[PDB]
$ cat my_file_19.pdb   # PDB, C-alpha atoms
MODEL        1
ATOM      1  CA  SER E  30     163.130 277.454 247.718  1.00  0.00           C
ATOM      2  CA  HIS E  31     166.970 277.415 247.522  1.00  0.00           C
ATOM      3  CA  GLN E  32     169.799 278.179 245.111  1.00  0.00           C
ATOM      4  CA  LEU E  33     172.020 275.403 243.855  1.00  0.00           C
ATOM      5  CA  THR E  34     175.227 275.995 241.886  1.00  0.00           C
ATOM      6  CA  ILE E  35     177.122 273.122 240.271  1.00  0.00           C
ATOM      7  CA  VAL E  36     180.742 274.059 239.563  1.00  0.00           C
ATOM      8  CA  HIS E  37     182.396 271.917 236.905  1.00  0.00           C
ATOM      9  CA  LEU E  38     186.233 272.131 237.207  1.00  0.00           C
ATOM     10  CA  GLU E  39     188.909 269.971 235.675  1.00  0.00           C
ATOM     11  CA  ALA E  40     191.417 269.778 238.522  1.00  0.00           C
ATOM     12  CA  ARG E  41     194.604 267.790 239.181  1.00  0.00           C
ATOM     13  CA  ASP E  42     194.549 264.943 241.719  1.00  0.00           C
ATOM     14  CA  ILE E  43     196.749 267.226 243.892  1.00  0.00           C
ATOM     15  CA  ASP E  44     194.223 270.110 243.663  1.00  0.00           C
ATOM     16  CA  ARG E  45     191.605 267.882 245.245  1.00  0.00           C
ATOM     17  CA  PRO E  46     192.799 265.599 248.051  1.00  0.00           C
ATOM     18  CA  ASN E  47     189.971 263.860 249.948  1.00  0.00           C
ATOM     19  CA  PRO E  48     187.339 265.200 247.509  1.00  0.00           C
ATOM     20  CA  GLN E  49     184.123 266.330 249.215  1.00  0.00           C
ATOM     21  CA  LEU E  50     181.119 267.663 247.306  1.00  0.00           C
ATOM     22  CA  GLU E  51     180.997 271.098 248.954  1.00  0.00           C
ATOM     23  CA  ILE E  52     184.780 271.712 249.211  1.00  0.00           C
ATOM     24  CA  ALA E  53     186.292 273.606 246.232  1.00  0.00           C
ATOM     25  CA  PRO E  54     189.423 272.131 244.731  1.00  0.00           C
ATOM     26  CA  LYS E  55     192.556 274.230 245.291  1.00  0.00           C
ATOM     27  CA  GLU E  56     192.835 274.937 241.567  1.00  0.00           C
ATOM     28  CA  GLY E  57     190.641 273.941 238.637  1.00  0.00           C
ATOM     29  CA  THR E  58     189.699 274.911 235.104  1.00  0.00           C
ATOM     30  CA  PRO E  59     186.058 275.780 234.468  1.00  0.00           C
ATOM     31  CA  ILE E  60     184.332 273.978 231.641  1.00  0.00           C
ATOM     32  CA  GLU E  61     181.489 275.624 229.747  1.00  0.00           C
ATOM     33  CA  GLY E  62     178.635 273.753 227.999  1.00  0.00           C
ATOM     34  CA  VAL E  63     178.259 270.746 230.322  1.00  0.00           C
ATOM     35  CA  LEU E  64     174.631 269.715 230.759  1.00  0.00           C
ATOM     36  CA  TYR E  65     173.581 268.973 234.346  1.00  0.00           C
ATOM     37  CA  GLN E  66     170.230 267.493 235.275  1.00  0.00           C
ATOM     38  CA  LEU E  67     168.739 267.444 238.756  1.00  0.00           C
ATOM     39  CA  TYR E  68     165.996 264.919 239.620  1.00  0.00           C
ATOM     40  CA  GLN E  69     163.773 265.826 242.566  1.00  0.00           C
ATOM     41  CA  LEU E  70     163.220 262.635 244.621  1.00  0.00           C
ATOM     42  CA  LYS E  71     159.674 261.499 245.428  1.00  0.00           C
ATOM     43  CA  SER E  72     160.821 258.991 248.063  1.00  0.00           C
ATOM     44  CA  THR E  73     163.781 258.490 250.406  1.00  0.00           C
ATOM     45  CA  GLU E  74     162.917 254.957 251.611  1.00  0.00           C
ATOM     46  CA  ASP E  75     165.989 253.255 250.161  1.00  0.00           C
ATOM     47  CA  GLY E  76     168.879 253.022 252.635  1.00  0.00           C
ATOM     48  CA  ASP E  77     171.205 252.763 249.626  1.00  0.00           C
ATOM     49  CA  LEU E  78     169.766 255.854 247.956  1.00  0.00           C
ATOM     50  CA  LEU E  79     172.717 256.940 245.825  1.00  0.00           C
ATOM     51  CA  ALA E  80     173.258 253.373 244.570  1.00  0.00           C
ATOM     52  CA  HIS E  81     169.544 253.127 243.798  1.00  0.00           C
ATOM     53  CA  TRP E  82     169.605 256.270 241.681  1.00  0.00           C
ATOM     54  CA  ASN E  83     172.916 255.304 240.013  1.00  0.00           C
ATOM     55  CA  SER E  84     171.273 252.006 238.903  1.00  0.00           C
ATOM     56  CA  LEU E  85     168.499 253.769 236.939  1.00  0.00           C
ATOM     57  CA  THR E  86     168.621 254.425 233.206  1.00  0.00           C
ATOM     58  CA  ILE E  87     168.235 258.014 232.020  1.00  0.00           C
ATOM     59  CA  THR E  88     164.534 257.623 231.209  1.00  0.00           C
ATOM     60  CA  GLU E  89     163.922 255.820 234.523  1.00  0.00           C
ATOM     61  CA  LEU E  90     165.229 258.899 236.388  1.00  0.00           C
ATOM     62  CA  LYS E  91     162.309 260.892 234.959  1.00  0.00           C
ATOM     63  CA  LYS E  92     159.814 258.147 235.927  1.00  0.00           C
ATOM     64  CA  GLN E  93     160.907 258.138 239.592  1.00  0.00           C
ATOM     65  CA  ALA E  94     161.379 261.940 239.993  1.00  0.00           C
ATOM     66  CA  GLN E  95     158.792 264.619 241.045  1.00  0.00           C
ATOM     67  CA  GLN E  96     160.238 267.604 239.075  1.00  0.00           C
ATOM     68  CA  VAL E  97     163.327 267.653 236.780  1.00  0.00           C
ATOM     69  CA  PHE E  98     165.624 270.671 236.297  1.00  0.00           C
ATOM     70  CA  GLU E  99     168.438 271.291 233.797  1.00  0.00           C
ATOM     71  CA  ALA E 100     171.261 273.798 233.511  1.00  0.00           C
ATOM     72  CA  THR E 101     174.286 274.171 231.305  1.00  0.00           C
ATOM     73  CA  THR E 102     177.615 275.287 232.795  1.00  0.00           C
ATOM     74  CA  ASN E 103     178.507 278.874 231.935  1.00  0.00           C
ATOM     75  CA  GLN E 104     181.809 280.755 231.396  1.00  0.00           C
ATOM     76  CA  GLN E 105     182.724 280.211 235.082  1.00  0.00           C
ATOM     77  CA  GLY E 106     181.921 276.478 234.850  1.00  0.00           C
ATOM     78  CA  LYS E 107     178.687 277.086 236.808  1.00  0.00           C
ATOM     79  CA  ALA E 108     175.380 275.344 236.100  1.00  0.00           C
ATOM     80  CA  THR E 109     172.884 277.402 238.109  1.00  0.00           C
ATOM     81  CA  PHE E 110     169.618 276.109 239.571  1.00  0.00           C
ATOM     82  CA  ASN E 111     167.303 278.829 240.817  1.00  0.00           C
ATOM     83  CA  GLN E 112     164.502 278.581 243.359  1.00  0.00           C
ATOM     84  CA  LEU E 113     164.538 274.808 243.692  1.00  0.00           C
ATOM     85  CA  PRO E 114     161.957 273.535 246.219  1.00  0.00           C
ATOM     86  CA  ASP E 115     163.310 272.202 249.445  1.00  0.00           C
ATOM     87  CA  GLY E 116     164.046 268.511 248.795  1.00  0.00           C
ATOM     88  CA  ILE E 117     166.537 265.769 247.923  1.00  0.00           C
ATOM     89  CA  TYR E 118     167.964 265.873 244.402  1.00  0.00           C
ATOM     90  CA  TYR E 119     169.970 263.428 242.349  1.00  0.00           C
ATOM     91  CA  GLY E 120     172.305 265.241 239.968  1.00  0.00           C
ATOM     92  CA  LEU E 121     174.343 263.965 237.022  1.00  0.00           C
ATOM     93  CA  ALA E 122     176.014 265.241 233.885  1.00  0.00           C
ATOM     94  CA  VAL E 123     174.458 264.129 230.589  1.00  0.00           C
ATOM     95  CA  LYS E 124     176.196 263.684 227.233  1.00  0.00           C
ATOM     96  CA  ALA E 125     174.915 262.122 224.009  1.00  0.00           C
ATOM     97  CA  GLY E 126     171.561 261.318 225.668  1.00  0.00           C
ATOM     98  CA  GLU E 127     173.105 259.282 228.508  1.00  0.00           C
ATOM     99  CA  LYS E 128     174.909 259.741 231.795  1.00  0.00           C
ATOM    100  CA  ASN E 129     178.412 261.085 231.343  1.00  0.00           C
ATOM    101  CA  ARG E 130     180.339 258.405 233.284  1.00  0.00           C
ATOM    102  CA  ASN E 131     183.281 260.811 233.799  1.00  0.00           C
ATOM    103  CA  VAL E 132     181.223 262.871 236.248  1.00  0.00           C
ATOM    104  CA  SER E 133     180.274 261.148 239.498  1.00  0.00           C
ATOM    105  CA  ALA E 134     176.546 261.536 240.104  1.00  0.00           C
ATOM    106  CA  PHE E 135     175.545 262.866 243.528  1.00  0.00           C
ATOM    107  CA  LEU E 136     172.708 263.473 245.944  1.00  0.00           C
ATOM    108  CA  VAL E 137     172.044 267.016 247.222  1.00  0.00           C
ATOM    109  CA  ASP E 138     170.209 267.435 250.553  1.00  0.00           C
ATOM    110  CA  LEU E 139     168.775 270.825 249.478  1.00  0.00           C
ATOM    111  CA  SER E 140     167.719 272.321 252.811  1.00  0.00           C
ATOM    112  CA  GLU E 141     169.674 275.587 252.238  1.00  0.00           C
ATOM    113  CA  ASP E 142     171.577 277.236 249.339  1.00  0.00           C
ATOM    114  CA  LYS E 143     174.309 274.878 248.102  1.00  0.00           C
ATOM    115  CA  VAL E 144     177.498 275.068 246.047  1.00  0.00           C
ATOM    116  CA  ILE E 145     178.704 271.663 244.841  1.00  0.00           C
ATOM    117  CA  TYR E 146     181.784 270.477 242.947  1.00  0.00           C
ATOM    118  CA  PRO E 147     181.078 267.141 241.228  1.00  0.00           C
ATOM    119  CA  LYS E 148     184.006 264.677 241.088  1.00  0.00           C
ATOM    120  CA  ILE E 149     185.233 264.887 237.539  1.00  0.00           C
ATOM    121  CA  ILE E 150     187.718 262.685 235.728  1.00  0.00           C
ATOM    122  CA  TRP E 151     189.430 263.945 232.584  1.00  0.00           C
ATOM    123  CA  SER E 152     193.111 262.819 232.445  1.00  0.00           C
ATOM    124  CA  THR E 153     193.861 260.728 229.338  1.00  0.00           C
ATOM    125  CA  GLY E 154     196.074 257.830 228.323  1.00  0.00           C
ATOM    126  CA  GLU E 155     196.549 255.772 225.204  1.00  0.00           C
ATOM    127  CA  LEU E 156     195.753 252.379 223.715  1.00  0.00           C
ATOM    128  CA  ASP E 157     198.214 250.538 221.496  1.00  0.00           C
ATOM    129  CA  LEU E 158     196.645 247.479 219.889  1.00  0.00           C
ATOM    130  CA  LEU E 159     198.740 244.998 217.975  1.00  0.00           C
ATOM    131  CA  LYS E 160     196.723 242.593 215.851  1.00  0.00           C
ATOM    132  CA  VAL E 161     198.418 239.380 214.734  1.00  0.00           C
ATOM    133  CA  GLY E 162     197.539 236.482 212.435  1.00  0.00           C
ATOM    134  CA  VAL E 163     198.476 233.000 213.679  1.00  0.00           C
ATOM    135  CA  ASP E 164     199.640 230.117 211.418  1.00  0.00           C
ATOM    136  CA  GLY E 165     200.819 227.185 213.563  1.00  0.00           C
ATOM    137  CA  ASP E 166     203.558 228.526 215.872  1.00  0.00           C
ATOM    138  CA  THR E 167     204.123 231.703 213.822  1.00  0.00           C
ATOM    139  CA  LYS E 168     202.490 235.088 214.409  1.00  0.00           C
ATOM    140  CA  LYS E 169     202.688 238.117 212.099  1.00  0.00           C
ATOM    141  CA  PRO E 170     201.056 241.586 212.114  1.00  0.00           C
ATOM    142  CA  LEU E 171     197.733 241.745 210.321  1.00  0.00           C
ATOM    143  CA  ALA E 172     196.737 244.825 208.350  1.00  0.00           C
ATOM    144  CA  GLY E 173     193.249 246.045 207.517  1.00  0.00           C
ATOM    145  CA  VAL E 174     191.440 244.421 210.469  1.00  0.00           C
ATOM    146  CA  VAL E 175     188.445 246.509 211.602  1.00  0.00           C
ATOM    147  CA  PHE E 176     187.568 247.325 215.210  1.00  0.00           C
ATOM    148  CA  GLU E 177     185.211 249.644 217.104  1.00  0.00           C
ATOM    149  CA  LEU E 178     185.854 250.939 220.636  1.00  0.00           C
ATOM    150  CA  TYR E 179     183.222 251.371 223.366  1.00  0.00           C
ATOM    151  CA  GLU E 180     183.148 252.525 226.953  1.00  0.00           C
ATOM    152  CA  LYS E 181     182.520 249.447 229.160  1.00  0.00           C
ATOM    153  CA  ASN E 182     178.763 248.593 228.923  1.00  0.00           C
ATOM    154  CA  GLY E 183     178.408 251.435 226.379  1.00  0.00           C
ATOM    155  CA  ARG E 184     175.915 251.423 223.506  1.00  0.00           C
ATOM    156  CA  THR E 185     177.662 253.916 221.238  1.00  0.00           C
ATOM    157  CA  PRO E 186     181.146 253.604 219.661  1.00  0.00           C
ATOM    158  CA  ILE E 187     183.951 256.066 220.498  1.00  0.00           C
ATOM    159  CA  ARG E 188     185.091 257.995 217.412  1.00  0.00           C
ATOM    160  CA  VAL E 189     188.693 258.804 216.456  1.00  0.00           C
ATOM    161  CA  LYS E 190     190.428 261.470 214.300  1.00  0.00           C
ATOM    162  CA  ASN E 191     194.175 262.367 214.071  1.00  0.00           C
ATOM    163  CA  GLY E 192     194.836 259.125 216.071  1.00  0.00           C
ATOM    164  CA  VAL E 193     192.943 260.697 218.950  1.00  0.00           C
ATOM    165  CA  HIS E 194     189.509 260.313 220.507  1.00  0.00           C
ATOM    166  CA  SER E 195     187.522 263.076 218.781  1.00  0.00           C
ATOM    167  CA  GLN E 196     184.061 264.606 218.921  1.00  0.00           C
ATOM    168  CA  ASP E 197     184.321 266.134 215.458  1.00  0.00           C
ATOM    169  CA  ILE E 198     181.565 265.303 212.990  1.00  0.00           C
ATOM    170  CA  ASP E 199     184.113 263.596 210.687  1.00  0.00           C
ATOM    171  CA  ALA E 200     185.626 261.465 213.478  1.00  0.00           C
ATOM    172  CA  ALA E 201     185.040 257.816 212.555  1.00  0.00           C
ATOM    173  CA  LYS E 202     183.898 254.751 214.527  1.00  0.00           C
ATOM    174  CA  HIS E 203     185.729 252.381 212.187  1.00  0.00           C
ATOM    175  CA  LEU E 204     189.263 251.687 213.329  1.00  0.00           C
ATOM    176  CA  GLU E 205     191.609 249.768 211.047  1.00  0.00           C
ATOM    177  CA  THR E 206     194.951 248.134 211.819  1.00  0.00           C
ATOM    178  CA  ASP E 207     197.747 249.712 209.806  1.00  0.00           C
ATOM    179  CA  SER E 208     200.403 247.902 207.702  1.00  0.00           C
ATOM    180  CA  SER E 209     202.263 247.113 210.971  1.00  0.00           C
ATOM    181  CA  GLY E 210     199.154 245.565 212.614  1.00  0.00           C
ATOM    182  CA  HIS E 211     198.582 248.548 214.945  1.00  0.00           C
ATOM    183  CA  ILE E 212     195.681 250.736 216.038  1.00  0.00           C
ATOM    184  CA  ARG E 213     196.944 253.528 218.338  1.00  0.00           C
ATOM    185  CA  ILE E 214     194.461 255.869 220.029  1.00  0.00           C
ATOM    186  CA  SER E 215     195.501 258.601 222.484  1.00  0.00           C
ATOM    187  CA  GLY E 216     193.332 261.107 224.365  1.00  0.00           C
ATOM    188  CA  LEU E 217     191.150 258.436 226.029  1.00  0.00           C
ATOM    189  CA  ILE E 218     189.993 259.410 229.493  1.00  0.00           C
ATOM    190  CA  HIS E 219     191.249 256.803 231.962  1.00  0.00           C
ATOM    191  CA  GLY E 220     188.796 253.952 232.660  1.00  0.00           C
ATOM    192  CA  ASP E 221     187.401 250.764 231.147  1.00  0.00           C
ATOM    193  CA  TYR E 222     186.755 250.206 227.462  1.00  0.00           C
ATOM    194  CA  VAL E 223     185.879 247.374 225.091  1.00  0.00           C
ATOM    195  CA  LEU E 224     187.373 246.646 221.687  1.00  0.00           C
ATOM    196  CA  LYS E 225     184.940 245.012 219.318  1.00  0.00           C
ATOM    197  CA  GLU E 226     186.441 243.196 216.345  1.00  0.00           C
ATOM    198  CA  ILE E 227     184.157 243.825 213.349  1.00  0.00           C
ATOM    199  CA  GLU E 228     185.915 242.241 210.399  1.00  0.00           C
ATOM    200  CA  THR E 229     189.158 240.390 209.913  1.00  0.00           C
ATOM    201  CA  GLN E 230     191.273 239.428 206.893  1.00  0.00           C
ATOM    202  CA  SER E 231     190.348 236.673 204.507  1.00  0.00           C
ATOM    203  CA  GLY E 232     191.697 233.362 205.738  1.00  0.00           C
ATOM    204  CA  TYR E 233     191.180 234.225 209.431  1.00  0.00           C
ATOM    205  CA  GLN E 234     188.504 233.887 212.100  1.00  0.00           C
ATOM    206  CA  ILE E 235     187.438 236.410 214.699  1.00  0.00           C
ATOM    207  CA  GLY E 236     188.452 234.545 217.896  1.00  0.00           C
ATOM    208  CA  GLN E 237     187.689 237.057 220.635  1.00  0.00           C
ATOM    209  CA  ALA E 238     184.829 239.304 219.487  1.00  0.00           C
ATOM    210  CA  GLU E 239     185.145 241.669 222.466  1.00  0.00           C
ATOM    211  CA  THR E 240     188.329 242.459 224.394  1.00  0.00           C
ATOM    212  CA  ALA E 241     188.392 244.425 227.662  1.00  0.00           C
ATOM    213  CA  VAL E 242     190.962 247.195 227.945  1.00  0.00           C
ATOM    214  CA  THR E 243     191.749 249.535 230.824  1.00  0.00           C
ATOM    215  CA  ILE E 244     193.217 252.943 229.905  1.00  0.00           C
ATOM    216  CA  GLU E 245     195.570 254.315 232.561  1.00  0.00           C
ATOM    217  CA  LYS E 246     196.272 258.027 232.676  1.00  0.00           C
ATOM    218  CA  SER E 247     199.645 259.183 231.253  1.00  0.00           C
ATOM    219  CA  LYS E 248     200.405 255.614 230.174  1.00  0.00           C
ATOM    220  CA  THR E 249     199.990 253.450 227.084  1.00  0.00           C
ATOM    221  CA  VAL E 250     198.255 250.106 227.485  1.00  0.00           C
ATOM    222  CA  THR E 251     199.663 247.557 225.020  1.00  0.00           C
ATOM    223  CA  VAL E 252     197.308 244.784 223.932  1.00  0.00           C
ATOM    224  CA  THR E 253     197.829 241.946 221.463  1.00  0.00           C
ATOM    225  CA  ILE E 254     194.835 240.260 219.870  1.00  0.00           C
ATOM    226  CA  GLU E 255     195.272 237.052 217.853  1.00  0.00           C
ATOM    227  CA  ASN E 256     193.451 236.014 214.702  1.00  0.00           C
ATOM    228  CA  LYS E 257     193.636 232.264 214.005  1.00  0.00           C
ATOM    229  CA  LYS E 258     193.581 230.841 210.478  1.00  0.00           C
ATOM    230  CA  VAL E 259     190.351 229.136 209.371  1.00  0.00           C
ATOM    231  CA  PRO E 260     190.516 225.322 209.947  1.00  0.00           C
ATOM    232  CA  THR E 261     190.259 223.162 206.816  1.00  0.00           C
ATOM    233  CA  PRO E 262     189.292 219.594 207.805  1.00  0.00           C
ATOM    234  CA  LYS E 263     188.224 217.065 205.160  1.00  0.00           C
ATOM    235  CA  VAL E 264     184.596 215.905 205.175  1.00  0.00           C
ATOM    236  CA  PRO E 265     184.552 212.807 207.409  1.00  0.00           C
ATOM    237  CA  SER E 266     183.227 209.502 206.131  1.00  0.00           C
ATOM    238  CA  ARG E 267     180.337 207.789 207.874  1.00  0.00           C
TER
ENDMDL
END
$ encode --input "my_file_19.pdb" --output "structure tokens"
Amino acid sequence: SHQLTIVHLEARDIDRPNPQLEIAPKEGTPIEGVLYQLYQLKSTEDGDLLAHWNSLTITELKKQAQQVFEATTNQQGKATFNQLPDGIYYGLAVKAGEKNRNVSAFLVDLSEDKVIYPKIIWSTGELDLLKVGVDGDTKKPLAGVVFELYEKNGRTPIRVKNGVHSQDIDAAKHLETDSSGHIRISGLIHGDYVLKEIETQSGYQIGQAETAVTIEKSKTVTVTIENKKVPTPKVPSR
């Protein structure tokens, strides 16, 4: 049996050049309350072992594992795993019943006590969506159009409060273009997202249901989505 300590630090890119699992970043802020799970492997046959484990859904992890262990990071950002049997473990952070994509999952070759620093992304940027309505060659901002936002391939909508991504219980999934045609959302961790158009104004069609957006840290990504007017052909004669 061995000790494993997962240290969850939000560090700057400059605090962690050439990140390596067992090398501490130069600086970093501990985060409390992060749920880590460690899945004890039953088999090591796959030559692409990390990719294999990364491909599994959360419930599949359990199915393929021998024992499963959990720990929550403490006041020093440490999720402690005591007396783990000698073995290979796949570790990930979990949030809202799924893998937290902002923590890179890892394999631990637990042949001795280990201290590991998962690669963690946290820096945010902003989305600025302009929604327009199109009538021939003229485009104008459209108010009251409803969108939801998802992480790429995500099942559950990102909620927003105070124009910011929020985890508060009153943060809403419904996003509505303002009188100027805009939805602005800051505090999105950098990465890939999907805007889903839910409902548009009367007289218009939803043209692109889902629109890919990439948030870049410390930047605003500007996106324009068009809504075309409903076509009104006459009923053709035989």
$ closest_atom_pairs --input "my_file_19.pdb" --of "range 88-182 of chain E" --to "range 75-84 of chain E" --cutoff "8 Å" --atoms "all atoms listed in the file" --output "tab-separated table"
residue	atom	partner	partner_atom	distance
E:90	CA	E:82	CA	7.4
E:119	CA	E:82	CA	7.2
E:134	CA	E:83	CA	7.2
E:135	CA	E:79	CA	7.0
E:136	CA	E:79	CA	6.5
$ resolve_selection --input "my_file_19.pdb" --expression "the PyMOL selection byres ((chain E and resi 164) around 12)" --output "count of residues only"
19
$ resolve_selection --input "my_file_19.pdb" --expression "the PyMOL selection byres ((chain E and resi 61-65) around 9)" --output "count of residues only"
22
$ resolve_selection --input "my_file_19.pdb" --expression "the PyMOL selection byres ((chain E and resi 50) around 6)" --output "NGL selection string"
:E and (49 or 51-52 or 145-146)
$ closest_residue --input "my_file_19.pdb" --among "E:143, E:202, E:91, E:188" --to "residue 34 in chain E" --atoms "all atoms listed in the file"
E:143
$ closest_residue --input "my_file_19.pdb" --among "E:116, E:173, E:236, E:262" --to "residue 31 in chain E" --atoms "all atoms listed in the file"
E:116
$ closest_residue --input "my_file_19.pdb" --among "E:186, E:141, E:109, E:42" --to "residue 200 in chain E" --atoms "all atoms listed in the file"
E:186
$ atom_distance --input "my_file_19.pdb" --atom1 "CA of residue 247 in chain E" --atom2 "CA of residue 156 in chain E"
10.9 Å
$ atom_distance --input "my_file_19.pdb" --atom1 "CA of residue 174 in chain E" --atom2 "CA of residue 160 in chain E"
7.8 Å
$ closest_residue --input "my_file_19.pdb" --among "E:263, E:213, E:55, E:225" --to "residue 194 in chain E" --atoms "all atoms listed in the file"
E:213
$ residues_around --input "my_file_19.pdb" --residues "residue 206 in chain E" --least-positions-apart "2" --cutoff "7 Å" --atoms "all atoms listed in the file" --output "VMD selection string"
chain E and resid 172 to 175 204 208 210 to 212
$ closest_residue --input "my_file_19.pdb" --among "E:85, E:140, E:71, E:150" --to "residue 40 in chain E" --atoms "all atoms listed in the file"
E:150
$ atom_distance --input "my_file_19.pdb" --atom1 "CA of residue 94 in chain E" --atom2 "CA of residue 118 in chain E"
8.8 Å
$ closest_residue --input "my_file_19.pdb" --among "E:261, E:209, E:215, E:229" --to "residue 187 in chain E" --atoms "only C-alpha atoms"
E:215
$ axis_aligned_box --input "my_file_19.pdb" --around "range 101-120 of chain E" --padding-each-side "6 Å" --output "lines of an AutoDock Vina configuration file"
center_x = 172.3
center_y = 272.1
center_z = 240.4
size_x = 32.8
size_y = 29.3
size_z = 30.1
$ residues_around --input "my_file_19.pdb" --residues "residue 44 in chain E" --least-positions-apart "4" --cutoff "10 Å" --atoms "only C-alpha atoms" --output "list in words"
residues 39, 40, 48, 53, 54, 55, 56 and 57 of chain E
$ write_last_selection --input "my_file_19.pdb" --atoms "C-alpha atoms" --output "mmCIF file, keeping the file's coordinate frame"
data_model
loop_
_atom_site.group_PDB
_atom_site.id
_atom_site.type_symbol
_atom_site.label_atom_id
_atom_site.label_comp_id
_atom_site.auth_asym_id
_atom_site.auth_seq_id
_atom_site.Cartn_x
_atom_site.Cartn_y
_atom_site.Cartn_z
ATOM 1 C CA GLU E 39 188.909 269.971 235.675
ATOM 2 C CA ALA E 40 191.417 269.778 238.522
ATOM 3 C CA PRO E 48 187.339 265.200 247.509
ATOM 4 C CA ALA E 53 186.292 273.606 246.232
ATOM 5 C CA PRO E 54 189.423 272.131 244.731
ATOM 6 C CA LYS E 55 192.556 274.230 245.291
ATOM 7 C CA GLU E 56 192.835 274.937 241.567
ATOM 8 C CA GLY E 57 190.641 273.941 238.637
#
$ residues_around --input "my_file_19.pdb" --residues "residue 222 in chain E" --least-positions-apart "3" --cutoff "7 Å" --atoms "only C-alpha atoms" --output "JSON list (two decimals) with C-alpha atoms, keeping the file's coordinate frame"
[["chain", "number", "residue", "atom", "x", "y", "z"],
["E", 178, "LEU", "CA", 185.85, 250.94, 220.64],
["E", 179, "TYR", "CA", 183.22, 251.37, 223.37],
["E", 180, "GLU", "CA", 183.15, 252.52, 226.95],
["E", 181, "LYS", "CA", 182.52, 249.45, 229.16],
["E", 241, "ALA", "CA", 188.39, 244.42, 227.66],
["E", 242, "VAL", "CA", 190.96, 247.20, 227.94],
["E", 243, "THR", "CA", 191.75, 249.54, 230.82]]
$ residues_around --input "my_file_19.pdb" --residues "residue 244 in chain E" --least-positions-apart "4" --cutoff "7 Å" --atoms "only C-alpha atoms" --output "VMD selection string"
chain E and resid 154 to 156 219 to 221 250
